Structure formats: structure tokens, C-alpha cells
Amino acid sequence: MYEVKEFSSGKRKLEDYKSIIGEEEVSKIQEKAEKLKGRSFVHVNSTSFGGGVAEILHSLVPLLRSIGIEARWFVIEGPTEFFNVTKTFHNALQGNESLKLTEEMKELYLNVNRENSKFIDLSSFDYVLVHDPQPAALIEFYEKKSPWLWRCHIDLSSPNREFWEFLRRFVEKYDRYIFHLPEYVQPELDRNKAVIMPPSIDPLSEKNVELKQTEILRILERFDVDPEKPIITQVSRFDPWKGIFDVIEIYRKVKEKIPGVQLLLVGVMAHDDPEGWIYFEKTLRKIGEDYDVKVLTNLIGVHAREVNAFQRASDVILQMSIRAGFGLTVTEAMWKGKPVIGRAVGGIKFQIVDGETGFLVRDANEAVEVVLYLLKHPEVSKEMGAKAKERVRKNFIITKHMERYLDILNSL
């Protein structure tokens, strides 16, 4: 078990967001964190590098720090055979009821959880929070003297039975379980000690920070994207159920009346995600030699900062997911003042206030209508964008995410 101590984001302090949230909120926040001043609020997970969760802590911990709470962050160490197993666990918990949980696995998972719990005495802190499955078992290697919270960053609606019944022996021990959406809360758990806490975006990160026109134009020209013509964009993982092919049809029907329209299919995926690269290849084969369609991925040099650009340069952003999680992508777009058009699923039906911040449609033809409408009425589009930004500012910001943590600690 290791400890971060440093923070990439730097010294993320509430003050760094004052301009973004206003002083009434910066106060409302400071007030709620005084009643917990000097407390111990530690976090435990699997890494401080590869992961959005890690990126969240790098800003969330400093923040808690700078507001009177002695927040601290510990990580778990381990051999490949542990993460490969936890990878199986991860996929098993999210469907894929074709994986087998063997004893060799349980031994390794639990053991690794044993050795890592002898480096730091988590039970000595006022509040303990554990992130995802990898360290969920730490709770039975100490004598609780304070509340322990279980933060889940994945779906648990249709979990491989075998695997859930195992992880459940540890989860049920925590005082509270935290899920992104009220569809991830497995019934085997007491819905009174369950908590809905949507993920959040950080206004000051590479992905969301506001770039300067010159840079946006440098990234645009680099990927042969004409900013002087209209642009529609869908940011997402390349898999069979994200509407990627529907989007391609919306771009084509739209393109009959607006022959200059461009489509940006943006997606960052890990190189050990064969599934996603196959679907990627399939998309290119489907698009053919129509270069008004831009397939932009990290294979070609696209990362957080380029994604930022692509979203800012978009006139309309889509999310025709058939099956979706919370949809932080819709959150980022909304925060950038863009009207979103997407199916009503997962976090997409929650974030979009149809007809106000964006539109919830049922198919591609309904999608085509609204894209033309929006593109036709840039003022209506400016309006929908402005209100969608506010919804984010008042509901899904990292500072609002933290304030949610206070509310929970103030209720123990």
C-alpha cells in the first residue's frame, strides 16, 4: 500500500474555482466543511495513473485538504496476476456472465488485500472510503472504529452472480455504498445505507479547461477539421451499442441539405481493448472514403486536450447510446455550452432536460430533425447550451461533488 502525497493537478484549492461557482457557494461549501474540520477522510484505490477515478482524486483530495479536512489518499500495490484477476472481476460485475471465479482467484485477491492492509492502519481514521473492487476486502482486516464507505465506479445491475456473492461479503460491511445511478444499487444491499452520487467533471482539467482559440485552431488543422464549416460530434468508446452507426446515418441524411457538414467520431481507448479496436476498424470500413467524417482516436495522437478542442469546435454533439452508464461525455459537452442530442438511457436521460438543455430522441430520424433545427437556429442553440452549462455548474462540478461528500459525512 502506497500514498500519493503529491498531486498532478497541483494544489487544487476551493479558491481556484471561486470564479466558476460564485462566493455564495464557496461559502456554503466552507460552512459545511467546518463541522468536519480536522477530521481524517482517506481514500483507497488501485492506481494514481491510468484512470478517470485517479484523475478525480488528484483534484478532490487537495480540495478537501484546502477546506479544513485532513484528506489523504492511499493506493494498493500488487502483481499482474492480481490486476488480471481484478480485470476479470470488473468485467464479470458488468455482465459477461461467462467468466468463472475460482479459488486461486479468491486466494490471490484476499491475500493481496491482506499484505496491503499491514502498511497503514486505515481503521484509525475518522472516515474511510474505498474505491471499486480491488481493495473492497480491506474492511475485514481491521476493527472498525469509524464509518467505511464503498464507492462503486461501475455497473452492478446485472452482475455475474458468482462474482457478486463474493464481493458482497465485503461491501455489506461498509456503512454506506455509493453508486453513480439508481440502477447500480443491487437489492442484496440495504437501500437505506445506499447512496446515489453521480460522477462529476473537473472544470480545470485538460479535458474541461478552456483552451485559447489559437490552440483549438492548431488541433483542428492538425486533424484536417474545417472550423469554417458546420460540425457535429459524438465522443465515445468504439463499441456496438453507442449508436456510432446511427450517428453515421444522421450525418448522411443531414448532409443532403447541408453538403458541407462534417462528422467527428472521437474516442480514446486502451490498447488492450481488442473489442473496441475491432469496432473502430468496422466504422472506418463503413464510412468509406468520405473524409468529411473524422475518426479521431488516441491511436493517431488524440488525447484529453484534443478531445477538449473537438468538443469546443462542435455545433451539435450527439450521444445515441443504446446502452449507457452515466455519460460524463454529455456532461463535458454541456459544460462547454453545447446542446446535446441523445437517446434516453443511463446518465443521459438524467443530465439532459429535454427541450431545455438538449434533446432526448428515440431514433436517427428524430435526431436528424433536431440537428437541422439547432444548426438552423443558432440562437436557440446558444440558449440550450447556456442552460446546459448552468445545470453542470450547479450539479456536476467537482466542487459540487465534494460538497456531496460533506453532506454524507455530516450524516453519520
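Heads up: residue numbers just count along the shown sequence, starting at 1.
Higher mean CA B-factor, judged across 44-52 and 360-368 from the recorded values: 44-52.
Remark: stretch with higher mean C-alpha B factor among 71-79 and 198-206 is 71-79. Residue set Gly342, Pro230, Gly95, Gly288: peak C-alpha B-factor at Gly95 (per PDB entry). Comparing the listed residues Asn298, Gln213, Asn160, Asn113, the entry records the largest Cα B-factor for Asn113. Looking at the C-alpha B-factors along this chain, the one for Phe223 belongs to the lowest third. The deposited CA B-factor of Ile120 belongs to the highest third of values across its chain.
Per the PDB record, residue ranking by Cα B-factor puts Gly337 in the lowest third of the chain. Sort the modelled residues of the chain by CA B factor and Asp132 lands in the middle third. In the PDB entry, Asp272 places in the highest third of its chain by CA B-factor.
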